[PDB]
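Visitor: Contents of work.csv (CSV, C-alpha atoms) are below:
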chain,number,residue,atom,x,y,z
A,340,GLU,CA,-10.6,-23.0,-15.8
A,341,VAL,CA,-13.6,-21.6,-17.9
A,342,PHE,CA,-15.6,-24.9,-18.0
A,343,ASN,CA,-15.1,-25.4,-14.2
A,344,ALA,CA,-15.2,-21.8,-12.9
A,345,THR,CA,-16.9,-21.2,-9.5
A,346,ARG,CA,-18.7,-18.0,-10.5
A,347,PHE,CA,-20.4,-17.5,-13.9
A,348,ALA,CA,-21.7,-14.0,-14.6
A,349,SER,CA,-25.2,-12.5,-14.6
A,350,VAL,CA,-26.1,-12.5,-18.4
A,351,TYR,CA,-26.7,-8.7,-18.6
A,352,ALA,CA,-23.0,-8.3,-17.6
A,353,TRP,CA,-21.4,-11.4,-19.2
A,354,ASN,CA,-17.7,-12.1,-18.7
A,355,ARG,CA,-15.3,-12.5,-21.6
A,356,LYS,CA,-11.9,-14.3,-21.3
A,357,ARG,CA,-9.5,-14.1,-24.3
A,358,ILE,CA,-7.6,-17.2,-25.3
A,359,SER,CA,-4.1,-16.7,-26.9
A,360,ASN,CA,-0.7,-18.4,-27.6
A,361,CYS,CA,-1.8,-22.0,-26.7
A,362,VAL,CA,-2.9,-25.4,-27.9
A,363,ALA,CA,-6.7,-25.7,-28.0
A,364,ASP,CA,-7.5,-29.5,-27.6
A,365,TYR,CA,-11.2,-29.0,-28.2
A,366,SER,CA,-11.6,-32.8,-27.9
A,367,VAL,CA,-11.7,-32.5,-24.1
A,368,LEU,CA,-14.9,-30.4,-24.8
A,369,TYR,CA,-16.6,-31.8,-27.8
A,370,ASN,CA,-16.7,-35.4,-26.6
A,371,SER,CA,-17.5,-34.6,-23.0
A,372,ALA,CA,-20.8,-36.2,-21.9
A,373,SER,CA,-21.4,-33.4,-19.3
A,374,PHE,CA,-22.8,-30.7,-21.7
A,375,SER,CA,-26.6,-30.6,-22.4
A,376,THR,CA,-26.1,-28.4,-25.4
A,377,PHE,CA,-23.1,-28.5,-27.7
A,378,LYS,CA,-23.1,-27.1,-31.2
A,379,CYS,CA,-20.9,-25.1,-33.5
A,380,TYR,CA,-21.7,-22.7,-36.4
A,381,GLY,CA,-19.5,-22.3,-39.5
A,382,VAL,CA,-17.1,-25.1,-38.1
A,383,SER,CA,-17.5,-28.8,-37.6
A,384,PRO,CA,-15.9,-30.5,-34.5
A,385,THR,CA,-14.6,-33.0,-37.1
A,386,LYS,CA,-12.2,-30.3,-38.2
A,387,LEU,CA,-11.3,-27.8,-35.4
B,146,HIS,CA,12.1,-0.2,2.2
B,147,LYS,CA,12.2,-0.5,6.0
B,148,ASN,CA,10.8,-4.1,5.9
B,149,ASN,CA,14.2,-5.5,4.7
B,150,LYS,CA,16.2,-2.2,5.4
B,151,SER,CA,17.2,-2.3,1.7
B,152,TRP,CA,15.8,-2.2,-1.9
B,153,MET,CA,12.5,-4.0,-2.7
B,154,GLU,CA,9.9,-4.3,-5.6
B,155,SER,CA,8.0,-0.9,-5.8
B,156,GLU,CA,5.3,0.9,-7.7
B,157,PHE,CA,5.4,1.1,-11.6
B,158,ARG,CA,6.2,4.7,-12.2
B,159,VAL,CA,6.3,3.4,-15.9
B,160,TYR,CA,2.6,3.7,-16.9
B,161,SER,CA,-0.7,5.2,-15.8
B,162,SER,CA,-2.9,2.5,-17.3
B,163,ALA,CA,-2.7,-0.6,-19.7
B,164,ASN,CA,-5.9,-1.2,-21.7
B,165,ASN,CA,-6.7,-4.1,-24.1
B,166,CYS,CA,-3.6,-6.4,-23.5
B,167,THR,CA,-3.2,-8.2,-26.9
B,168,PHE,CA,-0.3,-10.4,-25.6
B,169,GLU,CA,1.3,-11.4,-22.3
B,170,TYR,CA,4.2,-13.6,-21.2
B,171,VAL,CA,6.5,-14.2,-18.2
B,172,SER,CA,8.8,-17.3,-18.5
B,173,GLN,CA,11.8,-16.6,-16.1
B,174,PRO,CA,11.7,-14.6,-12.9
B,175,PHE,CA,15.2,-13.7,-14.3
B,176,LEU,CA,17.9,-12.6,-11.8
B,177,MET,CA,19.7,-9.5,-13.1
B,178,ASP,CA,21.3,-7.9,-10.0
B,179,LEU,CA,20.7,-4.5,-8.2
B,180,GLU,CA,23.3,-3.8,-5.4
B,181,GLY,CA,25.2,-0.4,-5.1
B,182,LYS,CA,28.7,-1.9,-5.7
B,183,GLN,CA,31.6,0.4,-6.8
B,184,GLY,CA,34.2,-2.0,-8.4
B,185,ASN,CA,34.9,-2.0,-12.2
B,186,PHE,CA,32.3,-3.4,-14.7
B,187,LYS,CA,32.4,-7.3,-14.4
B,188,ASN,CA,29.1,-8.0,-16.2
B,189,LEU,CA,28.7,-7.4,-20.0
B,190,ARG,CA,25.2,-7.9,-21.4
B,191,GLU,CA,24.4,-7.5,-25.1
B,192,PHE,CA,21.0,-7.6,-26.9
B,193,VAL,CA,19.7,-7.2,-30.5
B,194,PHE,CA,16.1,-6.3,-31.2
Just give me the structure as structure tokens.
Guide:
Amino acid sequence: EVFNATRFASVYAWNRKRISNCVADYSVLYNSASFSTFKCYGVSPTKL
Amino acid sequence: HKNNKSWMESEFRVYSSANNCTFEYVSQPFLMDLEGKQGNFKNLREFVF
């Protein structure tokens, strides 16, 4: 949902969604070619 | 309710508000019954928490 959502917020009033009780296959994100920027802090994609 | 001339789902006279929901779940739309029947008890349900 989040990476395909039809409305993203105005930045002064940014949305938050909370992710809970689920399998985070970050692979569908970290090796997507679509993103212009992708980087992580304190964590490497090789581990998450 | 008049819409089915019988009982229906109705407003939660259970809480005023529900802030900061740390967890949520549904699974089954489970079907425990509601009708105004007047025979002896036929259903026993037991739970431990």
Visitor: CA of residue 376 (chain A) to CA of residue 342 (chain A): how many Å, to one decimal?
Guide: 13.3 Å
Visitor: Listing only residues of chain B within 12 Å of chain A, what is the closest atom pair and its distance in Å (to one decimal) for each, using all atoms listed in the file, sorted by chain and residue number ascending, as a Markdown table?
Guide:
| residue | atom | partner | partner_atom | distance |
| --- | --- | --- | --- | --- |
| B:165 | CA | A:357 | CA | 10.4 |
| B:166 | CA | A:357 | CA | 9.7 |
| B:167 | CA | A:359 | CA | 8.5 |
| B:168 | CA | A:359 | CA | 7.5 |
| B:169 | CA | A:359 | CA | 8.9 |
| B:170 | CA | A:360 | CA | 9.4 |
Visitor: Go ahead and write the residues just picked, C-alpha atoms, as a PDB file, in the frame of the given file.
Guide:
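Written output follows (selection19.pdb):
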ATOM      1  CA  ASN B 165      -6.700  -4.100 -24.100  1.00  0.00           C
ATOM      2  CA  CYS B 166      -3.600  -6.400 -23.500  1.00  0.00           C
ATOM      3  CA  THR B 167      -3.200  -8.200 -26.900  1.00  0.00           C
ATOM      4  CA  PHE B 168      -0.300 -10.400 -25.600  1.00  0.00           C
ATOM      5  CA  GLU B 169       1.300 -11.400 -22.300  1.00  0.00           C
ATOM      6  CA  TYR B 170       4.200 -13.600 -21.200  1.00  0.00           C
TER       7      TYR B 170
END
Visitor: Just to confirm, what's the straight-line distance from CA of residue 382 (chain A) to CA of residue 369 (chain A) in Å (one decimal)?
Guide: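 The value is 12.3 Å.
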Visitor: Near region 175-184 of chain B, counting all atoms listed in the file, which residues have an atom at most 10 Å away, once you skip same-chain residues fewer than 5 positions from it, shown as a list in words?
Guide: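 In the requested format, the answer is residues 151, 152 and 153 of chain B.
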Visitor: Please measure the separation of CA of residue 354 (chain A) and CA of residue 341 (chain A), giving the value in Å to one decimal.
Guide: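 These atoms are spaced 10.4 Å apart.
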